[PDB]
$ cat start_10.cif   # mmCIF, C-alpha atoms
data_data
loop_
_atom_site.group_PDB
_atom_site.id
_atom_site.type_symbol
_atom_site.label_atom_id
_atom_site.label_comp_id
_atom_site.auth_asym_id
_atom_site.auth_seq_id
_atom_site.Cartn_x
_atom_site.Cartn_y
_atom_site.Cartn_z
ATOM 1 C CA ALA X 1 166.829 20.525 -70.529
ATOM 2 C CA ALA X 2 165.994 21.808 -67.056
ATOM 3 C CA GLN X 3 163.311 20.600 -64.645
ATOM 4 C CA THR X 4 162.722 23.218 -61.977
ATOM 5 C CA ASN X 5 161.835 22.319 -58.371
ATOM 6 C CA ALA X 6 162.830 18.706 -59.010
ATOM 7 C CA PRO X 7 163.250 16.143 -56.217
ATOM 8 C CA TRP X 8 166.577 16.751 -54.516
ATOM 9 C CA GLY X 9 168.043 13.480 -55.779
ATOM 10 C CA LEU X 10 167.565 14.358 -59.441
ATOM 11 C CA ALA X 11 169.094 17.761 -58.847
ATOM 12 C CA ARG X 12 171.990 16.108 -57.020
ATOM 13 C CA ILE X 13 172.861 13.732 -59.848
ATOM 14 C CA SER X 14 173.166 16.660 -62.274
ATOM 15 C CA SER X 15 175.177 18.881 -59.894
ATOM 16 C CA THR X 16 178.754 19.224 -58.744
ATOM 17 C CA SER X 17 177.388 20.644 -55.450
ATOM 18 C CA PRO X 18 174.636 19.760 -52.989
ATOM 19 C CA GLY X 19 171.922 22.254 -52.211
ATOM 20 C CA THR X 20 170.358 22.892 -55.628
ATOM 21 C CA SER X 21 166.873 22.019 -56.858
ATOM 22 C CA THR X 22 166.901 21.956 -60.684
ATOM 23 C CA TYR X 23 167.563 18.740 -62.618
ATOM 24 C CA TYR X 24 169.581 19.261 -65.830
ATOM 25 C CA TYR X 25 169.730 16.558 -68.492
ATOM 26 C CA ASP X 26 170.003 16.054 -72.225
ATOM 27 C CA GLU X 27 166.520 16.024 -73.764
ATOM 28 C CA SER X 28 167.137 12.563 -75.267
ATOM 29 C CA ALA X 29 166.192 11.437 -71.742
ATOM 30 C CA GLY X 30 166.871 7.737 -72.230
ATOM 31 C CA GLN X 31 164.740 7.368 -75.367
ATOM 32 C CA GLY X 32 165.358 4.025 -77.045
ATOM 33 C CA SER X 33 166.640 2.368 -73.866
ATOM 34 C CA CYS X 34 164.811 -0.071 -71.607
ATOM 35 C CA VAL X 35 164.927 -0.543 -67.841
ATOM 36 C CA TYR X 36 163.608 -3.643 -66.112
ATOM 37 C CA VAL X 37 162.470 -3.043 -62.533
ATOM 38 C CA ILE X 38 162.650 -6.391 -60.722
ATOM 39 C CA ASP X 39 160.537 -5.807 -57.634
ATOM 40 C CA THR X 40 156.903 -5.830 -56.394
ATOM 41 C CA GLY X 41 155.583 -4.735 -59.803
ATOM 42 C CA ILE X 42 154.798 -1.363 -61.376
ATOM 43 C CA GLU X 43 151.469 0.442 -61.429
ATOM 44 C CA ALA X 44 151.793 1.068 -65.171
ATOM 45 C CA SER X 45 148.517 3.038 -65.281
ATOM 46 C CA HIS X 46 150.040 5.799 -63.138
ATOM 47 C CA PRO X 47 149.824 9.054 -65.171
ATOM 48 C CA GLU X 48 153.478 9.649 -64.341
ATOM 49 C CA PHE X 49 154.535 6.778 -66.631
ATOM 50 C CA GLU X 50 152.758 8.136 -69.737
ATOM 51 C CA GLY X 51 152.212 4.695 -71.260
ATOM 52 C CA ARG X 52 155.943 3.897 -71.134
ATOM 53 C CA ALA X 53 155.613 1.289 -68.361
ATOM 54 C CA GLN X 54 154.318 -2.232 -68.636
ATOM 55 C CA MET X 55 154.320 -5.427 -66.632
ATOM 56 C CA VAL X 56 155.961 -8.298 -68.499
ATOM 57 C CA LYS X 57 156.231 -11.034 -65.848
ATOM 58 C CA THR X 58 154.863 -12.015 -62.455
ATOM 59 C CA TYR X 59 155.410 -15.055 -60.258
ATOM 60 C CA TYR X 60 152.244 -14.473 -58.217
ATOM 61 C CA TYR X 61 148.513 -14.581 -58.815
ATOM 62 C CA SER X 62 148.550 -10.985 -60.120
ATOM 63 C CA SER X 63 150.966 -8.617 -61.829
ATOM 64 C CA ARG X 64 149.567 -5.698 -59.805
ATOM 65 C CA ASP X 65 151.893 -3.836 -57.451
ATOM 66 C CA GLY X 66 149.963 -4.160 -54.212
ATOM 67 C CA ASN X 67 152.885 -2.803 -52.183
ATOM 68 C CA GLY X 68 154.159 0.412 -53.798
ATOM 69 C CA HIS X 69 157.891 -0.261 -53.512
ATOM 70 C CA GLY X 70 158.319 -1.323 -57.133
ATOM 71 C CA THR X 71 156.236 1.579 -58.409
ATOM 72 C CA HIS X 72 158.390 3.982 -56.384
ATOM 73 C CA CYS X 73 161.636 2.544 -57.776
ATOM 74 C CA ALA X 74 160.265 2.597 -61.326
ATOM 75 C CA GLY X 75 159.279 6.225 -60.808
ATOM 76 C CA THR X 76 162.836 7.149 -59.920
ATOM 77 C CA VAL X 77 164.106 5.390 -63.031
ATOM 78 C CA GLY X 78 161.711 6.873 -65.505
ATOM 79 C CA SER X 79 158.610 8.766 -64.376
ATOM 80 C CA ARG X 80 158.013 12.135 -66.032
ATOM 81 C CA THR X 81 158.393 14.171 -62.820
ATOM 82 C CA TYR X 82 160.411 11.943 -60.495
ATOM 83 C CA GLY X 83 162.548 10.028 -62.991
ATOM 84 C CA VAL X 84 166.146 10.248 -64.170
ATOM 85 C CA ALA X 85 165.457 8.878 -67.687
ATOM 86 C CA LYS X 86 162.148 10.475 -68.583
ATOM 87 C CA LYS X 87 161.708 8.767 -71.977
ATOM 88 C CA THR X 88 162.940 5.233 -71.226
ATOM 89 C CA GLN X 89 160.731 2.170 -71.538
ATOM 90 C CA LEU X 90 160.010 0.531 -68.162
ATOM 91 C CA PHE X 91 159.397 -3.216 -67.808
ATOM 92 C CA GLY X 92 158.058 -4.668 -64.565
ATOM 93 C CA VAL X 93 159.037 -8.117 -63.318
ATOM 94 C CA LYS X 94 157.188 -9.003 -60.113
ATOM 95 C CA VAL X 95 159.476 -11.256 -58.062
ATOM 96 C CA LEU X 96 158.320 -9.866 -54.706
ATOM 97 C CA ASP X 97 154.854 -10.325 -53.239
ATOM 98 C CA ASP X 98 152.734 -7.460 -51.940
ATOM 99 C CA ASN X 99 154.482 -7.642 -48.554
ATOM 100 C CA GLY X 100 157.824 -7.084 -50.289
ATOM 101 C CA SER X 101 158.971 -10.678 -49.763
ATOM 102 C CA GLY X 102 160.213 -13.263 -52.211
ATOM 103 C CA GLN X 103 162.093 -16.536 -52.323
ATOM 104 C CA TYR X 104 165.582 -16.475 -53.767
ATOM 105 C CA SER X 105 164.467 -19.091 -56.318
ATOM 106 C CA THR X 106 161.863 -16.627 -57.607
ATOM 107 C CA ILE X 107 164.321 -13.729 -57.676
ATOM 108 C CA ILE X 108 166.804 -15.858 -59.645
ATOM 109 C CA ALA X 109 164.089 -16.851 -62.107
ATOM 110 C CA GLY X 110 163.193 -13.201 -62.634
ATOM 111 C CA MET X 111 166.805 -12.342 -63.362
ATOM 112 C CA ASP X 112 167.129 -15.162 -65.893
ATOM 113 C CA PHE X 113 163.821 -13.988 -67.371
ATOM 114 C CA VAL X 114 165.202 -10.507 -68.051
ATOM 115 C CA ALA X 115 168.363 -11.891 -69.668
ATOM 116 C CA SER X 116 166.136 -13.662 -72.224
ATOM 117 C CA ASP X 117 163.164 -11.297 -72.427
ATOM 118 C CA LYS X 118 165.350 -8.377 -73.524
ATOM 119 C CA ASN X 119 165.510 -10.225 -76.886
ATOM 120 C CA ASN X 120 161.727 -9.803 -77.191
ATOM 121 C CA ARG X 121 161.912 -6.043 -76.620
ATOM 122 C CA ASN X 122 163.030 -3.110 -78.721
ATOM 123 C CA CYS X 123 165.865 -1.445 -76.825
ATOM 124 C CA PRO X 124 168.314 -0.201 -79.471
ATOM 125 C CA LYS X 125 170.165 2.057 -77.035
ATOM 126 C CA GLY X 126 170.623 -0.670 -74.424
ATOM 127 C CA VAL X 127 169.103 -2.502 -71.494
ATOM 128 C CA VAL X 128 169.338 -1.905 -67.738
ATOM 129 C CA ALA X 129 168.009 -3.863 -64.778
ATOM 130 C CA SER X 130 167.309 -2.269 -61.397
ATOM 131 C CA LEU X 131 167.303 -4.637 -58.394
ATOM 132 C CA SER X 132 166.187 -2.875 -55.209
ATOM 133 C CA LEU X 133 166.183 -6.069 -53.171
ATOM 134 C CA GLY X 134 168.461 -8.464 -51.370
ATOM 135 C CA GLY X 135 169.103 -10.663 -48.397
ATOM 136 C CA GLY X 136 171.907 -12.737 -46.962
ATOM 137 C CA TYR X 137 174.798 -14.001 -49.056
ATOM 138 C CA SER X 138 173.872 -16.600 -51.669
ATOM 139 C CA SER X 139 176.278 -17.760 -54.350
ATOM 140 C CA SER X 140 173.290 -18.776 -56.491
ATOM 141 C CA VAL X 141 171.763 -15.282 -56.307
ATOM 142 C CA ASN X 142 175.110 -13.710 -57.122
ATOM 143 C CA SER X 143 175.582 -16.094 -60.046
ATOM 144 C CA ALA X 144 172.178 -15.132 -61.450
ATOM 145 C CA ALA X 145 173.070 -11.445 -61.227
ATOM 146 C CA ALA X 146 176.388 -12.144 -62.942
ATOM 147 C CA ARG X 147 174.584 -14.046 -65.706
ATOM 148 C CA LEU X 148 172.168 -11.161 -66.253
ATOM 149 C CA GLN X 149 175.054 -8.683 -66.514
ATOM 150 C CA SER X 150 177.014 -10.989 -68.832
ATOM 151 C CA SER X 151 173.979 -11.251 -71.141
ATOM 152 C CA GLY X 152 174.354 -7.539 -71.952
ATOM 153 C CA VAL X 153 172.279 -5.843 -69.253
ATOM 154 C CA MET X 154 173.561 -3.096 -66.982
ATOM 155 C CA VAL X 155 172.668 -4.538 -63.555
ATOM 156 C CA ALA X 156 172.313 -2.050 -60.694
ATOM 157 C CA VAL X 157 171.742 -3.574 -57.251
ATOM 158 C CA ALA X 158 171.040 -2.134 -53.815
ATOM 159 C CA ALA X 159 173.879 -2.402 -51.308
ATOM 160 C CA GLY X 160 171.419 -3.107 -48.474
ATOM 161 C CA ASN X 161 170.137 -1.208 -45.436
ATOM 162 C CA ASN X 162 171.915 -2.709 -42.408
ATOM 163 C CA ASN X 163 174.752 -0.193 -41.921
ATOM 164 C CA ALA X 164 177.062 -3.161 -42.518
ATOM 165 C CA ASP X 165 179.557 -4.479 -45.043
ATOM 166 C CA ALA X 166 177.706 -5.425 -48.235
ATOM 167 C CA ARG X 167 180.042 -8.415 -48.746
ATOM 168 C CA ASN X 168 177.532 -10.439 -46.687
ATOM 169 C CA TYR X 169 174.469 -9.604 -48.804
ATOM 170 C CA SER X 170 173.247 -10.722 -52.214
ATOM 171 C CA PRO X 171 173.108 -9.718 -54.963
ATOM 172 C CA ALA X 172 175.010 -6.725 -53.463
ATOM 173 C CA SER X 173 178.182 -8.786 -53.083
ATOM 174 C CA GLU X 174 178.411 -9.973 -56.707
ATOM 175 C CA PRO X 175 181.510 -8.159 -58.052
ATOM 176 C CA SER X 176 180.435 -7.960 -61.707
ATOM 177 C CA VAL X 177 177.238 -5.916 -61.168
ATOM 178 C CA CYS X 178 176.956 -2.296 -60.008
ATOM 179 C CA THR X 179 176.413 -2.120 -56.237
ATOM 180 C CA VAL X 180 174.793 1.112 -55.077
ATOM 181 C CA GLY X 181 174.973 2.748 -51.654
ATOM 182 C CA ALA X 182 172.745 5.595 -50.431
ATOM 183 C CA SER X 183 173.464 9.240 -49.567
ATOM 184 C CA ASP X 184 171.384 12.101 -48.181
ATOM 185 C CA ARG X 185 170.777 15.649 -49.351
ATOM 186 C CA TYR X 186 173.696 16.967 -47.273
ATOM 187 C CA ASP X 187 176.139 14.568 -48.958
ATOM 188 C CA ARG X 188 176.347 12.233 -45.967
ATOM 189 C CA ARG X 189 176.241 8.480 -46.282
ATOM 190 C CA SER X 190 172.696 7.512 -45.374
ATOM 191 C CA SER X 191 172.526 6.227 -41.812
ATOM 192 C CA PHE X 192 171.324 2.762 -42.904
ATOM 193 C CA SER X 193 173.455 2.353 -46.033
ATOM 194 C CA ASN X 194 175.670 -0.677 -46.306
ATOM 195 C CA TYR X 195 179.292 0.008 -47.271
ATOM 196 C CA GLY X 196 182.470 -1.892 -48.125
ATOM 197 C CA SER X 197 184.894 -2.540 -50.945
ATOM 198 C CA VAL X 198 182.152 -4.146 -53.059
ATOM 199 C CA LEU X 199 180.297 -0.836 -53.441
ATOM 200 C CA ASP X 200 180.747 0.799 -56.831
ATOM 201 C CA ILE X 201 178.852 4.066 -56.400
ATOM 202 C CA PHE X 202 176.482 6.068 -54.191
ATOM 203 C CA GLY X 203 173.206 7.618 -55.208
ATOM 204 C CA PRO X 204 170.499 9.646 -53.471
ATOM 205 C CA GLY X 205 168.697 7.395 -51.028
ATOM 206 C CA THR X 206 167.322 9.380 -48.085
ATOM 207 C CA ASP X 207 163.923 11.095 -48.436
ATOM 208 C CA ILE X 208 163.312 10.315 -52.112
ATOM 209 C CA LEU X 209 159.998 11.492 -53.582
ATOM 210 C CA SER X 210 158.578 9.252 -56.312
ATOM 211 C CA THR X 211 155.426 7.553 -57.570
ATOM 212 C CA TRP X 212 153.283 5.266 -55.432
ATOM 213 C CA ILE X 213 150.303 3.006 -55.990
ATOM 214 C CA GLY X 214 146.842 4.486 -56.226
ATOM 215 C CA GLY X 215 148.117 7.162 -58.599
ATOM 216 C CA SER X 216 149.890 8.819 -55.664
ATOM 217 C CA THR X 217 153.388 9.898 -54.564
ATOM 218 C CA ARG X 218 155.462 9.654 -51.407
ATOM 219 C CA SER X 219 158.962 10.085 -50.030
ATOM 220 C CA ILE X 220 160.759 7.007 -48.656
ATOM 221 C CA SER X 221 164.357 6.035 -47.923
ATOM 222 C CA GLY X 222 166.683 3.161 -48.675
ATOM 223 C CA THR X 223 169.418 1.822 -50.869
ATOM 224 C CA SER X 224 166.359 0.693 -52.835
ATOM 225 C CA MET X 225 165.898 4.378 -53.750
ATOM 226 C CA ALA X 226 169.527 5.016 -54.647
ATOM 227 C CA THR X 227 169.670 2.026 -57.010
ATOM 228 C CA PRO X 228 167.110 3.335 -59.561
ATOM 229 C CA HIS X 229 168.919 6.676 -59.699
ATOM 230 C CA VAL X 230 171.956 4.753 -60.967
ATOM 231 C CA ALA X 231 169.853 2.506 -63.213
ATOM 232 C CA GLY X 232 168.150 5.522 -64.768
ATOM 233 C CA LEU X 233 171.491 7.277 -65.128
ATOM 234 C CA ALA X 234 172.899 4.257 -66.963
ATOM 235 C CA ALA X 235 169.960 4.256 -69.381
ATOM 236 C CA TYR X 236 170.371 7.991 -69.982
ATOM 237 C CA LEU X 237 174.103 7.634 -70.672
ATOM 238 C CA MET X 238 173.581 4.609 -72.926
ATOM 239 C CA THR X 239 171.053 6.561 -74.997
ATOM 240 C CA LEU X 240 173.673 9.303 -75.371
ATOM 241 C CA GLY X 241 176.113 6.673 -76.674
ATOM 242 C CA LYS X 242 178.622 7.451 -73.934
ATOM 243 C CA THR X 243 178.792 3.897 -72.568
ATOM 244 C CA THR X 244 177.409 0.358 -72.893
ATOM 245 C CA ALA X 245 175.748 -2.153 -70.575
ATOM 246 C CA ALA X 246 179.083 -3.890 -69.975
ATOM 247 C CA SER X 247 180.947 -0.663 -69.187
ATOM 248 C CA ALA X 248 178.334 1.671 -67.659
ATOM 249 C CA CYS X 249 179.125 0.971 -64.000
ATOM 250 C CA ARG X 250 182.800 1.751 -64.601
ATOM 251 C CA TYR X 251 181.882 4.846 -66.613
ATOM 252 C CA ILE X 252 179.589 6.122 -63.851
ATOM 253 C CA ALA X 253 182.371 5.599 -61.316
ATOM 254 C CA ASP X 254 184.931 7.273 -63.629
ATOM 255 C CA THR X 255 182.705 10.340 -64.043
ATOM 256 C CA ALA X 256 181.302 10.519 -60.497
ATOM 257 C CA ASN X 257 181.702 13.350 -58.048
ATOM 258 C CA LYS X 258 184.654 12.164 -55.970
ATOM 259 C CA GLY X 259 185.455 12.789 -52.320
ATOM 260 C CA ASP X 260 182.295 14.769 -51.564
ATOM 261 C CA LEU X 261 180.489 12.390 -49.180
ATOM 262 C CA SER X 262 180.943 12.265 -45.413
ATOM 263 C CA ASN X 263 180.945 9.203 -43.124
ATOM 264 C CA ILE X 264 182.359 6.955 -45.846
ATOM 265 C CA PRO X 265 184.228 4.147 -44.037
ATOM 266 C CA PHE X 266 187.867 3.707 -44.934
ATOM 267 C CA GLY X 267 188.003 1.312 -47.888
ATOM 268 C CA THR X 268 184.633 2.274 -49.383
ATOM 269 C CA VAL X 269 184.506 4.383 -52.548
ATOM 270 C CA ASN X 270 183.672 8.056 -52.082
ATOM 271 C CA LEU X 271 181.866 8.400 -55.413
ATOM 272 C CA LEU X 272 178.468 9.985 -56.058
ATOM 273 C CA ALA X 273 176.633 9.397 -59.342
ATOM 274 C CA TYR X 274 176.794 12.403 -61.665
ATOM 275 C CA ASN X 275 175.525 12.909 -65.212
ATOM 276 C CA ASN X 276 178.201 15.473 -66.250
ATOM 277 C CA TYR X 277 175.598 17.347 -68.261
ATOM 278 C CA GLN X 278 176.630 20.759 -69.571
ATOM 279 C CA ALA X 279 173.784 22.704 -71.180
#
$ encode --input "start_10.cif" --output "structure tokens"
Amino acid sequence: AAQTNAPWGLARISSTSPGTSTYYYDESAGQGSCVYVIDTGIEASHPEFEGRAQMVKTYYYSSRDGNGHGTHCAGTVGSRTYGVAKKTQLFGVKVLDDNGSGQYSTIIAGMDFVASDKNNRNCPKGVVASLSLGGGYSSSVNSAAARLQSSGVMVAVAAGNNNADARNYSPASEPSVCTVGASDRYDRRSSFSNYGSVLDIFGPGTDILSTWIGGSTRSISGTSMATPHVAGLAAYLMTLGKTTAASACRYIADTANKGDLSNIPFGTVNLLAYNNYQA
């Protein structure tokens, strides 16, 4: 399948070269997979989600996304126009308030929730969790992310936005999950992207158009935007049967475009997520 005039990041993840604008993908499109977006919520009523999104947990007085960040990330995972995996099921877990803030205890609870809740959901092709959040190093946060991964969920986490080594951030620094840095449309490391040996992969993160609250759209930047590209890619590849939750991060690294990014610090992987689709 081909989506013309797609957002640059979708085109990039289906290309061996920058500078193209069509997204190519197998029409299975993540059908039968599930992606949990652990964030500020998801505006599930957005036409772009086509009934495939739903809130399943909140730790606040409402499940509404009053911020937009979670809706944007979910849109990159699985919205019809802006999403990698256009037929996946999206589950919202609101661990962040409408200012984008949350206690680590709440974030940990949301991760443990997903590890259990996936047993209440029909996801025959596999389960992914997208975590576009983080803060300073916490062994407890890292342990929760490791538990979620171990339970059989492909965990993609943002490297962080401090132009610093991700070893000092959580859950970015947990080795067993998939830690995602950000690149721009000219194949440069995004100016803010964290780096370091703990990174597994880069995805598009600068100037990413996706869904927003109020039935709207906007372009924003961050490792938060790169992470759902990788999460959606994992769901797409799991639906194709090419990999599993336990092996998807390694598979994405194995099949990535290699050596194509600039300003990658020595010791950080030079790997850009790629779907290897051949029509």
$ resolve_selection --input "start_10.cif" --expression "the PyMOL selection byres ((chain X and resi 23) around 8)" --output "list in words"
residues 2, 3, 4, 5, 6, 10, 11, 12, 13, 14, 21, 22, 24 and 25 of chain X
$ residues_around --input "start_10.cif" --residues "stretch 176-187 of chain X" --least-positions-apart "5" --cutoff "7 Å" --atoms "only C-alpha atoms" --output "MDAnalysis selection string"
chainID X and resid 8 18 145:146 149 155:159 193:195 198:206 222:223 226:227 249 260:262
$ resolve_selection --input "start_10.cif" --expression "the PyMOL selection byres ((chain X and resi 232) around 9)" --output "list in words"
residues 30, 35, 76, 77, 78, 83, 84, 85, 86, 88, 128, 130, 227, 228, 229, 230, 231, 233, 234, 235, 236 and 237 of chain X
$ resolve_selection --input "start_10.cif" --expression "the PyMOL selection byres ((chain X and resi 244) around 9)" --output "list in words"
residues 125, 126, 127, 152, 153, 154, 234, 237, 238, 241, 242, 243, 245, 246, 247, 248 and 251 of chain X
$ residues_around --input "start_10.cif" --residues "residue X:117" --least-positions-apart "2" --cutoff "12 Å" --atoms "only C-alpha atoms" --output "count of residues only"
26
$ residues_around --input "start_10.cif" --residues "residue X:107" --least-positions-apart "6" --cutoff "8 Å" --atoms "all atoms listed in the file" --output "list in words"
residues 95, 96 and 141 of chain X
$ residues_around --input "start_10.cif" --residues "residue X:259" --least-positions-apart "6" --cutoff "10 Å" --atoms "all atoms listed in the file" --output "MDAnalysis selection string"
chainID X and resid 269:272
$ write_last_selection --input "start_10.cif" --atoms "C-alpha atoms" --output "short mmCIF file (atom, residue, chain, number, x, y, z; two decimals), in the frame of the given file"
data_model
loop_
_atom_site.label_atom_id
_atom_site.label_comp_id
_atom_site.auth_asym_id
_atom_site.auth_seq_id
_atom_site.Cartn_x
_atom_site.Cartn_y
_atom_site.Cartn_z
CA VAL X 269 184.51 4.38 -52.55
CA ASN X 270 183.67 8.06 -52.08
CA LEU X 271 181.87 8.40 -55.41
CA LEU X 272 178.47 9.98 -56.06
#
$ closest_residue --input "start_10.cif" --among "X:189, X:147, X:80, X:250" --to "residue X:163" --atoms "all atoms listed in the file"
X:189
$ atom_distance --input "start_10.cif" --atom1 "atom CA of residue X:274" --atom2 "atom CA of residue X:256"
5.0 Å
$ residues_around --input "start_10.cif" --residues "residue X:137" --least-positions-apart "2" --cutoff "12 Å" --atoms "only C-alpha atoms" --output "MDAnalysis selection string"
chainID X and resid 104 134:135 139:143 159:160 165:174
$ decode --input "start_10.cif" --residues "stretch 38-49 of chain X" --atoms "N, CA, C and O atoms" --output "CSV table (one decimal), in the first residue's frame"
chain,number,residue,atom,x,y,z
X,38,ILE,N,1.0,5.2,27.0
X,38,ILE,CA,1.0,5.5,28.4
X,38,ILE,C,1.4,6.9,28.5
X,38,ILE,O,2.6,7.2,28.2
X,39,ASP,N,0.5,7.8,28.8
X,39,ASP,CA,0.7,9.2,28.5
X,39,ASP,C,-0.4,10.1,29.2
X,39,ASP,O,-0.8,9.8,30.3
X,40,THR,N,-0.7,11.2,28.5
X,40,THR,CA,-1.8,12.1,29.0
X,40,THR,C,-3.2,11.7,28.7
X,40,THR,O,-4.2,12.4,29.0
X,41,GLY,N,-3.3,10.5,28.0
X,41,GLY,CA,-4.6,10.1,27.5
X,41,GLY,C,-4.6,10.1,26.0
X,41,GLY,O,-3.7,10.4,25.3
X,42,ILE,N,-5.8,9.7,25.4
X,42,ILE,CA,-6.1,9.7,24.0
X,42,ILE,C,-7.5,10.3,23.8
X,42,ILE,O,-8.4,9.8,24.4
X,43,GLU,N,-7.6,11.3,22.9
X,43,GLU,CA,-8.9,11.7,22.5
X,43,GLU,C,-9.5,10.6,21.5
X,43,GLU,O,-9.3,10.8,20.3
X,44,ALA,N,-10.1,9.6,22.1
X,44,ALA,CA,-10.5,8.5,21.2
X,44,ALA,C,-11.6,8.8,20.2
X,44,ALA,O,-11.7,8.2,19.2
X,45,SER,N,-12.4,9.9,20.5
X,45,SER,CA,-13.4,10.4,19.5
X,45,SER,C,-12.8,11.0,18.3
X,45,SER,O,-13.6,11.3,17.4
X,46,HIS,N,-11.5,11.3,18.2
X,46,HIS,CA,-11.0,11.9,17.1
X,46,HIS,C,-11.3,11.1,15.8
X,46,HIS,O,-11.0,9.9,15.8
X,47,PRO,N,-11.9,11.7,14.8
X,47,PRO,CA,-12.1,10.9,13.5
X,47,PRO,C,-10.9,10.1,13.0
X,47,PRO,O,-11.1,9.0,12.5
X,48,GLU,N,-9.7,10.6,13.3
X,48,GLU,CA,-8.6,9.9,12.8
X,48,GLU,C,-8.4,8.5,13.4
X,48,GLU,O,-7.6,7.7,12.8
X,49,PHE,N,-9.0,8.2,14.5
X,49,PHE,CA,-8.8,6.9,15.2
X,49,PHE,C,-9.9,5.9,14.7
X,49,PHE,O,-9.7,4.7,15.0
